[PDB]
>>> print(open('structure_0.cif').read())   # mmCIF, C-alpha atoms and all ligand atoms
data_model
#
loop_
_atom_site.label_atom_id
_atom_site.label_comp_id
_atom_site.auth_asym_id
_atom_site.auth_seq_id
_atom_site.Cartn_x
_atom_site.Cartn_y
_atom_site.Cartn_z
CA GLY A 33 -46.71 -57.85 60.52
CA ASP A 34 -45.59 -60.01 63.43
CA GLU A 35 -42.23 -58.82 64.72
CA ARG A 36 -41.06 -62.25 65.86
CA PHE A 37 -42.00 -64.04 62.64
CA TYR A 38 -40.02 -61.58 60.54
CA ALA A 39 -37.15 -61.45 63.02
CA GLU A 40 -36.83 -65.19 63.63
CA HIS A 41 -37.95 -66.72 60.34
CA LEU A 42 -38.73 -64.61 57.29
CA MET A 43 -35.71 -62.30 57.28
CA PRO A 44 -33.08 -64.94 58.13
CA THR A 45 -34.43 -67.05 55.28
CA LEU A 46 -34.52 -64.14 52.84
CA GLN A 47 -30.91 -63.27 53.65
CA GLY A 48 -29.95 -66.89 53.08
CA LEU A 49 -31.46 -66.79 49.59
CA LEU A 50 -30.50 -63.32 48.37
CA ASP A 51 -27.31 -61.29 48.41
CA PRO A 52 -27.86 -57.84 49.93
CA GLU A 53 -28.21 -55.80 46.73
CA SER A 54 -30.73 -58.28 45.31
CA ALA A 55 -32.68 -58.18 48.57
CA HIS A 56 -32.62 -54.38 48.44
CA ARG A 57 -33.94 -54.23 44.87
CA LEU A 58 -36.64 -56.80 45.62
CA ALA A 59 -37.66 -54.91 48.76
CA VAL A 60 -38.01 -51.64 46.88
CA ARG A 61 -40.09 -53.40 44.23
CA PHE A 62 -42.41 -55.08 46.74
CA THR A 63 -42.80 -51.89 48.74
CA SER A 64 -43.67 -49.76 45.71
CA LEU A 65 -46.43 -52.27 44.93
CA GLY A 66 -47.93 -52.05 48.41
CA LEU A 67 -47.35 -55.80 48.72
CA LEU A 68 -45.95 -55.29 52.22
CA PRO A 69 -47.68 -54.96 55.62
CA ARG A 70 -49.66 -51.81 56.36
CA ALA A 71 -48.91 -50.35 59.78
CA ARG A 72 -51.54 -51.30 62.34
CA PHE A 73 -49.78 -49.10 64.87
CA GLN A 74 -51.82 -45.91 64.92
CA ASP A 75 -49.70 -42.96 66.04
CA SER A 76 -50.53 -41.22 69.32
CA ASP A 77 -50.37 -37.45 69.78
CA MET A 78 -47.29 -37.99 71.97
CA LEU A 79 -45.27 -38.83 68.87
CA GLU A 80 -46.10 -35.69 66.91
CA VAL A 81 -43.35 -33.16 66.25
CA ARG A 82 -43.39 -29.74 64.63
CA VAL A 83 -40.08 -28.70 63.05
CA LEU A 84 -38.62 -27.51 59.75
CA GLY A 85 -41.87 -25.70 59.06
CA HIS A 86 -43.91 -28.90 59.11
CA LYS A 87 -45.90 -31.32 61.24
CA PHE A 88 -44.53 -34.87 61.53
CA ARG A 89 -47.12 -37.29 62.88
CA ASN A 90 -44.31 -39.44 64.26
CA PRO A 91 -40.53 -38.86 64.55
CA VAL A 92 -39.37 -42.02 62.76
CA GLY A 93 -38.32 -41.68 59.13
CA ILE A 94 -36.70 -43.89 56.53
CA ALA A 95 -33.15 -42.70 55.86
CA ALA A 96 -31.79 -41.83 52.42
CA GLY A 97 -30.37 -44.68 50.36
CA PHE A 98 -33.22 -47.17 50.52
CA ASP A 99 -35.49 -45.46 47.99
CA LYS A 100 -32.71 -43.83 45.98
CA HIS A 101 -34.86 -43.03 42.93
CA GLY A 102 -38.22 -42.09 44.44
CA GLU A 103 -40.05 -45.32 43.56
CA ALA A 104 -41.55 -46.49 46.83
CA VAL A 105 -42.56 -43.34 48.69
CA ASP A 106 -46.20 -44.29 49.25
CA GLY A 107 -45.41 -47.85 50.28
CA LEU A 108 -43.00 -46.41 52.82
CA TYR A 109 -45.66 -44.18 54.42
CA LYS A 110 -47.93 -47.24 54.45
CA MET A 111 -45.17 -49.01 56.39
CA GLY A 112 -45.57 -46.46 59.19
CA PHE A 113 -42.70 -44.00 58.70
CA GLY A 114 -43.58 -40.46 59.74
CA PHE A 115 -41.49 -39.05 56.90
CA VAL A 116 -39.60 -40.31 53.88
CA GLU A 117 -36.27 -39.22 52.44
CA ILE A 118 -35.36 -40.28 48.90
CA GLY A 119 -31.97 -40.08 47.23
CA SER A 120 -29.23 -39.45 46.95
CA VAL A 121 -30.09 -38.21 43.47
CA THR A 122 -27.34 -36.98 41.12
CA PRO A 123 -27.86 -34.47 38.27
CA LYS A 124 -27.18 -36.95 35.46
CA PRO A 125 -27.87 -40.72 35.53
CA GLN A 126 -24.93 -42.83 36.67
CA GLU A 127 -24.36 -46.49 37.45
CA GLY A 128 -22.34 -46.30 40.65
CA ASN A 129 -19.53 -48.69 41.60
CA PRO A 130 -19.06 -52.19 40.19
CA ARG A 131 -20.65 -55.14 42.02
CA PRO A 132 -20.50 -56.55 44.54
CA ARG A 133 -20.93 -53.28 46.44
CA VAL A 134 -23.14 -54.13 49.42
CA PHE A 135 -22.12 -56.47 52.23
CA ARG A 136 -23.83 -58.00 55.26
CA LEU A 137 -22.21 -58.30 58.70
CA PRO A 138 -24.79 -60.45 60.55
CA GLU A 139 -22.69 -60.95 63.68
CA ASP A 140 -22.46 -57.18 64.09
CA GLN A 141 -25.98 -56.28 62.92
CA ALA A 142 -24.20 -54.03 60.44
CA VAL A 143 -23.95 -53.38 56.71
CA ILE A 144 -21.10 -52.07 54.58
CA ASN A 145 -21.94 -50.45 51.26
CA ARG A 146 -20.02 -48.71 48.50
CA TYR A 147 -22.88 -48.11 46.05
CA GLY A 148 -21.27 -44.93 44.77
CA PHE A 149 -24.38 -42.83 44.11
CA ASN A 150 -26.07 -45.10 41.59
CA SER A 151 -28.85 -42.80 40.37
CA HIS A 152 -31.59 -42.50 37.74
CA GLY A 153 -30.71 -38.80 37.74
CA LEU A 154 -32.68 -35.62 38.38
CA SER A 155 -34.92 -35.68 35.30
CA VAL A 156 -36.30 -39.16 35.91
CA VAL A 157 -36.87 -38.53 39.62
CA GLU A 158 -38.47 -35.15 38.85
CA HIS A 159 -41.12 -36.73 36.62
CA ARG A 160 -41.68 -39.55 39.08
CA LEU A 161 -42.43 -37.07 41.89
CA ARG A 162 -44.51 -34.80 39.65
CA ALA A 163 -46.77 -37.77 38.89
CA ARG A 164 -47.79 -37.87 42.56
CA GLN A 165 -47.15 -34.26 43.53
CA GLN A 166 -50.70 -33.51 44.68
CA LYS A 167 -50.98 -36.73 46.62
CA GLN A 168 -47.78 -35.73 48.42
CA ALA A 169 -49.16 -32.27 49.14
CA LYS A 170 -52.03 -33.91 51.01
CA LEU A 171 -49.73 -36.32 52.85
CA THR A 172 -47.50 -33.43 53.97
CA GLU A 173 -50.53 -31.44 55.13
CA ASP A 174 -51.47 -34.63 56.98
CA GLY A 175 -48.14 -34.70 58.79
CA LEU A 176 -46.16 -36.98 56.46
CA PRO A 177 -43.40 -34.82 54.88
CA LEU A 178 -41.04 -35.72 52.03
CA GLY A 179 -37.30 -35.11 51.96
CA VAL A 180 -34.98 -35.22 48.98
CA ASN A 181 -31.27 -35.95 49.37
CA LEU A 182 -29.05 -34.44 46.65
CA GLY A 183 -25.76 -35.87 45.47
CA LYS A 184 -23.29 -35.07 42.73
CA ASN A 185 -21.97 -36.94 39.72
CA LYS A 186 -18.66 -38.77 39.92
CA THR A 187 -17.07 -36.82 37.07
CA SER A 188 -18.59 -33.48 38.05
CA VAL A 189 -16.15 -30.59 37.65
CA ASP A 190 -18.10 -28.21 39.90
CA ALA A 191 -19.68 -29.70 43.03
CA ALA A 192 -21.60 -26.54 43.92
CA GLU A 193 -23.26 -26.48 40.50
CA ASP A 194 -24.38 -30.11 40.82
CA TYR A 195 -26.12 -29.31 44.10
CA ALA A 196 -27.52 -26.08 42.67
CA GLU A 197 -29.14 -28.05 39.83
CA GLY A 198 -30.65 -30.40 42.39
CA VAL A 199 -32.16 -27.48 44.27
CA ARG A 200 -33.71 -26.00 41.12
CA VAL A 201 -35.14 -29.27 39.83
CA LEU A 202 -36.26 -31.18 42.94
CA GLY A 203 -36.50 -28.36 45.47
CA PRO A 204 -40.00 -27.39 44.22
CA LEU A 205 -41.10 -30.97 44.94
CA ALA A 206 -39.62 -31.47 48.41
CA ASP A 207 -40.51 -30.38 51.93
CA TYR A 208 -36.83 -30.46 52.76
CA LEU A 209 -33.61 -30.86 50.81
CA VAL A 210 -30.44 -32.51 52.06
CA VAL A 211 -27.02 -31.50 50.84
CA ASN A 212 -25.19 -34.75 51.19
CA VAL A 213 -21.62 -33.79 51.80
CA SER A 214 -20.71 -36.93 53.75
CA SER A 215 -20.86 -39.98 51.46
CA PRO A 216 -17.76 -42.20 51.98
CA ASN A 217 -18.03 -43.50 48.43
CA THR A 218 -17.36 -40.52 46.14
CA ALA A 219 -13.81 -39.21 45.78
CA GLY A 220 -13.33 -35.82 47.41
CA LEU A 221 -16.95 -35.37 48.48
CA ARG A 222 -16.35 -35.33 52.24
CA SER A 223 -13.78 -32.52 52.03
CA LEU A 224 -16.68 -30.30 50.97
CA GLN A 225 -17.10 -30.36 54.76
CA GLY A 226 -14.18 -28.00 55.39
CA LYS A 227 -14.97 -24.39 56.26
CA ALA A 228 -14.24 -21.90 53.48
CA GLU A 229 -15.60 -24.03 50.65
CA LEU A 230 -18.48 -25.34 52.75
CA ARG A 231 -19.48 -21.70 53.19
CA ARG A 232 -19.14 -21.11 49.46
CA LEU A 233 -21.03 -24.30 48.67
CA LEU A 234 -23.90 -23.65 51.10
CA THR A 235 -24.16 -19.97 50.22
CA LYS A 236 -24.86 -20.96 46.61
CA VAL A 237 -27.30 -23.69 47.66
CA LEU A 238 -29.27 -21.33 49.92
CA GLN A 239 -29.38 -18.65 47.23
CA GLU A 240 -30.84 -21.10 44.71
CA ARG A 241 -33.37 -22.20 47.33
CA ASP A 242 -34.38 -18.62 48.11
CA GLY A 243 -34.99 -18.03 44.41
CA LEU A 244 -37.81 -20.59 44.43
CA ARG A 245 -41.41 -19.44 44.76
CA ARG A 246 -42.67 -19.27 48.32
CA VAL A 247 -44.99 -22.28 48.31
CA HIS A 248 -42.27 -24.38 46.65
CA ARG A 249 -39.44 -23.34 48.96
CA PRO A 250 -37.91 -26.29 50.90
CA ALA A 251 -35.93 -26.29 54.13
CA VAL A 252 -32.25 -27.06 53.53
CA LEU A 253 -30.32 -29.48 55.75
CA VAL A 254 -26.71 -30.66 55.74
CA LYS A 255 -25.89 -34.32 56.31
CA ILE A 256 -22.53 -34.99 57.91
CA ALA A 257 -20.20 -37.89 58.54
CA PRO A 258 -19.57 -39.52 61.94
CA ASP A 259 -15.88 -39.25 61.09
CA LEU A 260 -15.23 -35.51 61.53
CA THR A 261 -12.47 -33.96 63.64
CA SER A 262 -13.39 -31.62 66.48
CA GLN A 263 -12.20 -28.80 64.21
CA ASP A 264 -14.52 -29.91 61.38
CA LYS A 265 -17.56 -30.05 63.65
CA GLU A 266 -16.72 -26.69 65.20
CA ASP A 267 -16.41 -25.22 61.70
CA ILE A 268 -19.64 -26.78 60.43
CA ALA A 269 -21.57 -25.48 63.44
CA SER A 270 -20.21 -22.00 62.75
CA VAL A 271 -21.10 -21.94 59.04
CA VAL A 272 -24.53 -23.43 59.71
CA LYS A 273 -25.36 -20.66 62.19
CA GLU A 274 -23.81 -17.96 60.01
CA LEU A 275 -25.75 -18.85 56.85
CA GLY A 276 -29.01 -19.84 58.51
CA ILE A 277 -29.03 -23.50 57.44
CA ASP A 278 -32.34 -25.03 58.54
CA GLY A 279 -31.03 -28.26 60.05
CA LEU A 280 -28.50 -31.07 60.26
CA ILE A 281 -28.70 -34.78 59.57
CA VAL A 282 -26.37 -36.70 61.86
CA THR A 283 -24.96 -39.00 60.68
CA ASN A 284 -24.07 -40.77 57.42
CA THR A 285 -22.18 -44.10 57.46
CA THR A 286 -18.67 -44.41 58.93
CA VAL A 287 -15.42 -45.23 57.15
CA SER A 288 -14.07 -46.25 60.53
CA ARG A 289 -14.05 -49.89 61.59
CA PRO A 290 -14.68 -49.99 65.36
CA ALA A 291 -12.74 -52.55 67.37
CA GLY A 292 -14.75 -55.71 67.92
CA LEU A 293 -16.42 -56.21 64.52
CA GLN A 294 -16.85 -59.95 63.93
CA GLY A 295 -18.23 -60.11 60.40
CA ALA A 296 -16.01 -61.86 57.87
CA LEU A 297 -16.56 -58.91 55.52
CA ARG A 298 -15.48 -56.19 57.97
CA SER A 299 -12.51 -55.17 55.82
CA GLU A 300 -14.53 -54.42 52.67
CA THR A 301 -14.18 -50.80 51.55
CA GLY A 302 -17.19 -48.57 52.15
CA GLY A 303 -19.45 -47.00 54.74
CA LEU A 304 -20.45 -49.00 57.81
CA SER A 305 -23.99 -48.69 59.15
CA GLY A 306 -26.09 -50.31 61.87
CA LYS A 307 -25.33 -51.17 65.47
CA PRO A 308 -21.56 -50.47 65.42
CA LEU A 309 -22.41 -46.93 64.27
CA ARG A 310 -25.08 -46.26 66.89
CA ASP A 311 -23.28 -44.50 69.74
CA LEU A 312 -20.75 -42.81 67.48
CA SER A 313 -23.68 -41.07 65.78
CA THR A 314 -25.42 -40.35 69.10
CA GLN A 315 -22.25 -38.65 70.38
CA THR A 316 -22.03 -36.60 67.17
CA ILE A 317 -25.63 -35.47 67.66
CA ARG A 318 -24.79 -34.53 71.24
CA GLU A 319 -21.82 -32.46 70.10
CA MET A 320 -23.56 -30.68 67.21
CA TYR A 321 -26.58 -29.84 69.38
CA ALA A 322 -24.28 -28.15 71.92
CA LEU A 323 -22.22 -26.32 69.28
CA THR A 324 -25.43 -24.90 67.79
CA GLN A 325 -26.90 -24.14 71.22
CA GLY A 326 -29.91 -26.33 70.53
CA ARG A 327 -31.13 -23.77 67.99
CA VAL A 328 -30.63 -25.92 64.88
CA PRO A 329 -32.98 -28.87 64.29
CA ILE A 330 -31.22 -32.23 64.05
CA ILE A 331 -32.34 -35.47 62.45
CA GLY A 332 -30.52 -38.29 64.19
CA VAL A 333 -29.52 -41.36 62.19
CA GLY A 334 -27.29 -44.36 62.80
CA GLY A 335 -27.90 -47.73 64.42
CA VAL A 336 -31.48 -47.12 65.54
CA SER A 337 -33.40 -50.38 65.96
CA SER A 338 -35.42 -49.85 69.15
CA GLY A 339 -37.35 -47.27 71.11
CA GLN A 340 -34.38 -46.85 73.46
CA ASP A 341 -32.03 -46.16 70.52
CA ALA A 342 -34.41 -43.49 69.25
CA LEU A 343 -34.97 -41.88 72.63
CA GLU A 344 -31.21 -41.70 73.29
CA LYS A 345 -30.73 -39.68 70.12
CA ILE A 346 -33.75 -37.52 70.91
CA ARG A 347 -32.51 -36.79 74.45
CA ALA A 348 -29.10 -36.06 72.92
CA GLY A 349 -30.66 -33.35 70.77
CA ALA A 350 -32.44 -34.92 67.79
CA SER A 351 -35.92 -33.62 66.91
CA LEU A 352 -36.48 -36.54 64.50
CA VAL A 353 -34.75 -39.86 63.81
CA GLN A 354 -34.24 -42.15 60.82
CA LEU A 355 -33.33 -45.79 60.43
CA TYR A 356 -32.32 -47.99 57.51
CA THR A 357 -30.10 -50.94 58.45
CA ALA A 358 -32.46 -52.22 61.15
CA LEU A 359 -35.08 -52.65 58.43
CA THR A 360 -32.76 -55.01 56.56
CA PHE A 361 -32.41 -57.30 59.58
CA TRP A 362 -35.85 -57.17 61.22
CA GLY A 363 -38.08 -56.21 58.32
CA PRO A 364 -41.11 -53.83 58.29
CA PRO A 365 -42.33 -54.69 61.80
CA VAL A 366 -39.35 -52.83 63.27
CA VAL A 367 -41.04 -49.52 62.47
CA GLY A 368 -44.08 -50.12 64.67
CA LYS A 369 -41.80 -51.69 67.27
CA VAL A 370 -39.64 -48.57 67.54
CA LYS A 371 -42.67 -46.28 67.74
CA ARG A 372 -44.43 -48.39 70.38
CA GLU A 373 -41.30 -48.67 72.54
CA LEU A 374 -40.54 -44.97 72.15
CA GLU A 375 -44.01 -44.01 73.38
CA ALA A 376 -43.70 -46.35 76.38
CA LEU A 377 -40.27 -44.98 77.33
CA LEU A 378 -41.54 -41.40 77.04
CA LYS A 379 -44.37 -42.06 79.51
CA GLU A 380 -41.98 -44.03 81.69
CA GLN A 381 -39.51 -41.16 81.96
CA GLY A 382 -42.16 -38.52 82.51
CA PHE A 383 -42.22 -36.74 79.15
CA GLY A 384 -45.55 -35.45 77.87
CA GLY A 385 -44.41 -36.06 74.33
CA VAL A 386 -41.44 -36.36 71.98
CA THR A 387 -41.04 -32.59 71.92
CA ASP A 388 -40.41 -32.39 75.68
CA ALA A 389 -37.62 -34.97 75.40
CA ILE A 390 -35.61 -33.21 72.69
CA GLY A 391 -32.22 -32.25 74.11
CA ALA A 392 -33.23 -33.32 77.62
CA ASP A 393 -29.75 -34.72 78.39
CA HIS A 394 -28.23 -31.25 78.07
CA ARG A 395 -30.51 -29.77 80.74
CA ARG A 396 -29.24 -31.95 83.60
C1 LIG B 1 -27.19 -49.56 51.52
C2 LIG B 1 -27.11 -48.12 52.01
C3 LIG B 1 -27.17 -47.07 51.09
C4 LIG B 1 -27.10 -45.75 51.52
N1 LIG B 1 -27.26 -44.71 50.61
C5 LIG B 1 -27.28 -43.37 51.04
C6 LIG B 1 -27.46 -42.33 50.13
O1 LIG B 1 -27.61 -42.57 48.93
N2 LIG B 1 -27.48 -41.00 50.57
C7 LIG B 1 -27.32 -40.71 51.93
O2 LIG B 1 -27.35 -39.54 52.32
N3 LIG B 1 -27.13 -41.76 52.84
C8 LIG B 1 -27.12 -43.08 52.39
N4 LIG B 1 -26.93 -44.13 53.31
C9 LIG B 1 -26.75 -43.79 54.74
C10 LIG B 1 -28.05 -43.88 55.54
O3 LIG B 1 -28.95 -42.87 55.09
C11 LIG B 1 -27.79 -43.69 57.04
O4 LIG B 1 -27.24 -42.39 57.26
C12 LIG B 1 -26.82 -44.73 57.60
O5 LIG B 1 -27.08 -46.02 57.03
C13 LIG B 1 -26.93 -44.82 59.13
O6 LIG B 1 -28.24 -45.21 59.54
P1 LIG B 1 -28.61 -46.75 59.84
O7 LIG B 1 -27.48 -47.30 60.83
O8 LIG B 1 -29.97 -46.89 60.41
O9 LIG B 1 -28.44 -47.57 58.46
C14 LIG B 1 -26.97 -45.47 52.88
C15 LIG B 1 -26.91 -46.51 53.80
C16 LIG B 1 -26.99 -47.84 53.37
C17 LIG B 1 -26.99 -48.96 54.42
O1 LIG B 2 -33.89 -53.93 52.40
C1 LIG B 2 -33.55 -55.08 52.68
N1 LIG B 2 -34.42 -56.03 52.99
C2 LIG B 2 -35.74 -55.88 53.13
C3 LIG B 2 -36.50 -57.02 53.42
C4 LIG B 2 -37.86 -56.91 53.70
CL1 LIG B 2 -38.80 -58.33 53.98
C5 LIG B 2 -38.47 -55.66 53.70
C6 LIG B 2 -37.72 -54.53 53.42
CL2 LIG B 2 -38.50 -52.98 53.43
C7 LIG B 2 -36.36 -54.64 53.13
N2 LIG B 2 -32.27 -55.47 52.66
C8 LIG B 2 -31.22 -54.70 52.37
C9 LIG B 2 -31.35 -53.37 51.99
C10 LIG B 2 -30.23 -52.60 51.72
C11 LIG B 2 -28.96 -53.15 51.82
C12 LIG B 2 -28.82 -54.49 52.20
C13 LIG B 2 -29.94 -55.26 52.47
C14 LIG B 2 -29.77 -56.71 52.93
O2 LIG B 2 -30.73 -57.49 52.79
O3 LIG B 2 -28.66 -57.04 53.40
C1 LIG B 3 -29.81 -44.71 33.47
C2 LIG B 3 -29.15 -44.72 34.85
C3 LIG B 3 -29.53 -45.98 35.63
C4 LIG B 3 -28.87 -45.99 37.01
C5 LIG B 3 -29.25 -47.25 37.79
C6 LIG B 3 -28.57 -47.29 39.16
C7 LIG B 3 -28.87 -48.59 39.91
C8 LIG B 3 -30.33 -48.68 40.37
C9 LIG B 3 -30.61 -50.04 41.00
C10 LIG B 3 -32.01 -50.10 41.62
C11 LIG B 3 -32.11 -49.24 42.89
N1 LIG B 3 -31.36 -49.82 44.02
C12 LIG B 3 -30.85 -48.73 44.85
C13 LIG B 3 -32.27 -50.66 44.82
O1 LIG B 3 -30.24 -50.63 43.56
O1 LIG B 4 -24.31 -40.93 51.31
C1 LIG B 4 -24.03 -42.11 51.09
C2 LIG B 4 -23.88 -42.59 49.65
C3 LIG B 4 -24.10 -44.10 49.55
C4 LIG B 4 -23.63 -44.59 48.18
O2 LIG B 4 -22.47 -45.04 48.10
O3 LIG B 4 -24.44 -44.49 47.23
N1 LIG B 4 -23.34 -44.78 50.61
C5 LIG B 4 -23.47 -44.32 51.93
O4 LIG B 4 -23.23 -45.08 52.88
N2 LIG B 4 -23.82 -42.99 52.16
#
>>> encode(input="structure_0.cif", output="structure tokens", more="lines below")
Ligand SMILES: Cc1cc2nc3c(=O)[nH]c(=O)nc-3n(C[C@H](O)[C@H](O)[C@H](O)COP(=O)(O)O)c2cc1C
Ligand SMILES: O=C(Nc1cc(Cl)cc(Cl)c1)Nc1ccccc1C(=O)O
Ligand SMILES: CCCCCCCCCCC[N+](C)(C)[O-]
Ligand SMILES: O=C1C[C@@H](C(=O)O)NC(=O)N1
Amino acid sequence: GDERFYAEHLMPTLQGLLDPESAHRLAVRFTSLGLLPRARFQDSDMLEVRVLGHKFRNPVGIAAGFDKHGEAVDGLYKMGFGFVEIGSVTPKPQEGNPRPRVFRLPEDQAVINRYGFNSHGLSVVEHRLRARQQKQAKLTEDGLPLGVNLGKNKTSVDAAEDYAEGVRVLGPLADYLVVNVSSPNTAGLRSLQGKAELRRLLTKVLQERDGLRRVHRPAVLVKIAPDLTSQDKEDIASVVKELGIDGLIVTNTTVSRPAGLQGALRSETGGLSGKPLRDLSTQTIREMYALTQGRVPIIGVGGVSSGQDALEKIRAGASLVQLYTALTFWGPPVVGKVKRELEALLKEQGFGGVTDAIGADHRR
């Protein structure tokens, strides 16, 4: 699990041999078989966070979209992530967009994808999680929670009902649910982010959640785009506080193309992730934290590949962070790297632990 060997040799060679979707599929397969490094980094108490009704032994999770179908959850904990989010899962199976649909921008340390919610569907994922449900219960009790990100089918005629089905089927199996209302790659999905129908949508979601038995009742979070107007964000903050949404995930990929991208493939359609997204997502965290008065837990995601990247989102108001794209460039060692650097920076800047640092920028 040597960071330099993966970063300088293994990964560059893998990317030379495999297109990104092939690499992704191979990585999921290897991970689910435990064929990858087991974290030697043992988490210190400084990294522990309590939010969303759970203990997280460290604040660094794997973002949705890597393990879309729930196949590699245990290998991902083994890799050192403090929590795992699977999905997005749609109600029925669907294939997603035609290939190629994932693109590498090496010069920018970025990826563009237009997968389009390729999904095994709720039923398959349900049985997959049921097969390890008790193992997960112990992991969660141990401080390693599981999130499930819910999507909707391309041809769906009623978006709210798709999400409602997801709550009923996978909600009993998840520590938290994510209503993904921010994918760049499904027609019309992102406009579920406007006020009146976001309120209608989330009201129905929360009602379905509340109808689940107490011990099987997940937290519900909303995952938003980096691409929202001031008005959108203002409206989302309002609805979230009004309905009692448990948290926000900030952010999904961007449909923007920031000035300065060098990759040959920069003009491919889809969502951009990685380094070019980093500060855009950090600023969105900062804004949503202020609009919710620091009362609504935020998971910060976008361009995290170092302890500094993570701490900047934490200080901006994130209680937890996720990464994905950094894994595709640096490989598994990046997880321990981020955790180790985060702990060092926390001591360095005088924080007793992660919890003390949450939102710290707003208190200056
Ligand atoms: C290949 C790929 C597939 C993704 N699939 C999903 C998805 O299915 N559901 C979702 O909510 N986010 C998905 N995302 C977005 C990530 O969860 C994350 O929000 C985004 O990539 C920003 O974090 P990062 O810069 O560390 O990659 C995907 C991202 C990538 C790169
Ligand atoms: O996931 C990996 N690679 C990978 C390689 C290793 Cl050696 C380990 C792990 Cl977990 C993942 N790669 C990707 C995942 C999603 C989208 C694009 C890629 C890519 O390669 O461009
Ligand atoms: C029966 C429905 C089948 C849907 C399959 C969708 C593509 C799944 C490809 C493997 C997972 N992955 C995200 C790594 O491409
Ligand atoms: O939420 C999502 C969906 C994913 C996909 O296209 O499957 N692409 C993304 O970048 N974010």
>>> closest_residue(input="structure_0.cif", among="A:228, A:206, A:158, A:282", to="residue A:254", atoms="all atoms listed in the file")
A:282
>>> residues_around(input="structure_0.cif", residues="residue A:329", least_positions_apart="5", cutoff="10 Å", atoms="only C-alpha atoms", output="NGL selection string")
:A and (83-84 or 253 or 277-281 or 321 or 324 or 349-352 or 390)
>>> residues_near_ligand(input="structure_0.cif", ligand="ligand LIG 1 (chain B)", cutoff="7 Å", atoms="only C-alpha atoms and all ligand atoms", output="ChimeraX atom specification")
/A:95-98,100,119-120,134,143-145,147,149,181,212,215,255,283-285,305-307,309-310,333-336,354-358
>>> residues_around(input="structure_0.cif", residues="residue A:377", least_positions_apart="5", cutoff="12 Å", atoms="only C-alpha atoms", output="list in words")
residues 78, 79, 338, 339, 340, 341, 342, 343, 344, 346, 347, 370, 371, 372, 382, 383, 384, 385, 386 and 389 of chain A
>>> write_last_selection(input="structure_0.cif", atoms="C-alpha atoms", output="PDB file, in the frame of the given file")
ATOM      1  CA  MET A  78     -47.290 -37.990  71.970  1.00  0.00           C
ATOM      2  CA  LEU A  79     -45.270 -38.830  68.870  1.00  0.00           C
ATOM      3  CA  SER A 338     -35.420 -49.850  69.150  1.00  0.00           C
ATOM      4  CA  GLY A 339     -37.350 -47.270  71.110  1.00  0.00           C
ATOM      5  CA  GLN A 340     -34.380 -46.850  73.460  1.00  0.00           C
ATOM      6  CA  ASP A 341     -32.030 -46.160  70.520  1.00  0.00           C
ATOM      7  CA  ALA A 342     -34.410 -43.490  69.250  1.00  0.00           C
ATOM      8  CA  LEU A 343     -34.970 -41.880  72.630  1.00  0.00           C
ATOM      9  CA  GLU A 344     -31.210 -41.700  73.290  1.00  0.00           C
ATOM     10  CA  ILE A 346     -33.750 -37.520  70.910  1.00  0.00           C
ATOM     11  CA  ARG A 347     -32.510 -36.790  74.450  1.00  0.00           C
ATOM     12  CA  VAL A 370     -39.640 -48.570  67.540  1.00  0.00           C
ATOM     13  CA  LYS A 371     -42.670 -46.280  67.740  1.00  0.00           C
ATOM     14  CA  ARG A 372     -44.430 -48.390  70.380  1.00  0.00           C
ATOM     15  CA  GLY A 382     -42.160 -38.520  82.510  1.00  0.00           C
ATOM     16  CA  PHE A 383     -42.220 -36.740  79.150  1.00  0.00           C
ATOM     17  CA  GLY A 384     -45.550 -35.450  77.870  1.00  0.00           C
ATOM     18  CA  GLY A 385     -44.410 -36.060  74.330  1.00  0.00           C
ATOM     19  CA  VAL A 386     -41.440 -36.360  71.980  1.00  0.00           C
ATOM     20  CA  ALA A 389     -37.620 -34.970  75.400  1.00  0.00           C
TER      21      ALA A 389
END
>>> residues_around(input="structure_0.cif", residues="residue A:204", least_positions_apart="5", cutoff="12 Å", atoms="only C-alpha atoms", output="list in words")
residues 158, 161, 162, 165, 169, 178, 179, 180, 197, 198, 199, 209, 240, 241, 242, 243, 244, 245, 246, 247, 248, 249, 250 and 251 of chain A
>>> write_last_selection(input="structure_0.cif", atoms="C-alpha atoms", output="mmCIF file, in the frame of the given file")
data_model
loop_
_atom_site.group_PDB
_atom_site.id
_atom_site.type_symbol
_atom_site.label_atom_id
_atom_site.label_comp_id
_atom_site.auth_asym_id
_atom_site.auth_seq_id
_atom_site.Cartn_x
_atom_site.Cartn_y
_atom_site.Cartn_z
ATOM 1 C CA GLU A 158 -38.470 -35.150 38.850
ATOM 2 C CA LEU A 161 -42.430 -37.070 41.890
ATOM 3 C CA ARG A 162 -44.510 -34.800 39.650
ATOM 4 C CA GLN A 165 -47.150 -34.260 43.530
ATOM 5 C CA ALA A 169 -49.160 -32.270 49.140
ATOM 6 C CA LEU A 178 -41.040 -35.720 52.030
ATOM 7 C CA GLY A 179 -37.300 -35.110 51.960
ATOM 8 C CA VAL A 180 -34.980 -35.220 48.980
ATOM 9 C CA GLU A 197 -29.140 -28.050 39.830
ATOM 10 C CA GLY A 198 -30.650 -30.400 42.390
ATOM 11 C CA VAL A 199 -32.160 -27.480 44.270
ATOM 12 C CA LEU A 209 -33.610 -30.860 50.810
ATOM 13 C CA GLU A 240 -30.840 -21.100 44.710
ATOM 14 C CA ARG A 241 -33.370 -22.200 47.330
ATOM 15 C CA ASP A 242 -34.380 -18.620 48.110
ATOM 16 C CA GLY A 243 -34.990 -18.030 44.410
ATOM 17 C CA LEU A 244 -37.810 -20.590 44.430
ATOM 18 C CA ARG A 245 -41.410 -19.440 44.760
ATOM 19 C CA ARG A 246 -42.670 -19.270 48.320
ATOM 20 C CA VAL A 247 -44.990 -22.280 48.310
ATOM 21 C CA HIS A 248 -42.270 -24.380 46.650
ATOM 22 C CA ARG A 249 -39.440 -23.340 48.960
ATOM 23 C CA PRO A 250 -37.910 -26.290 50.900
ATOM 24 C CA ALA A 251 -35.930 -26.290 54.130
#
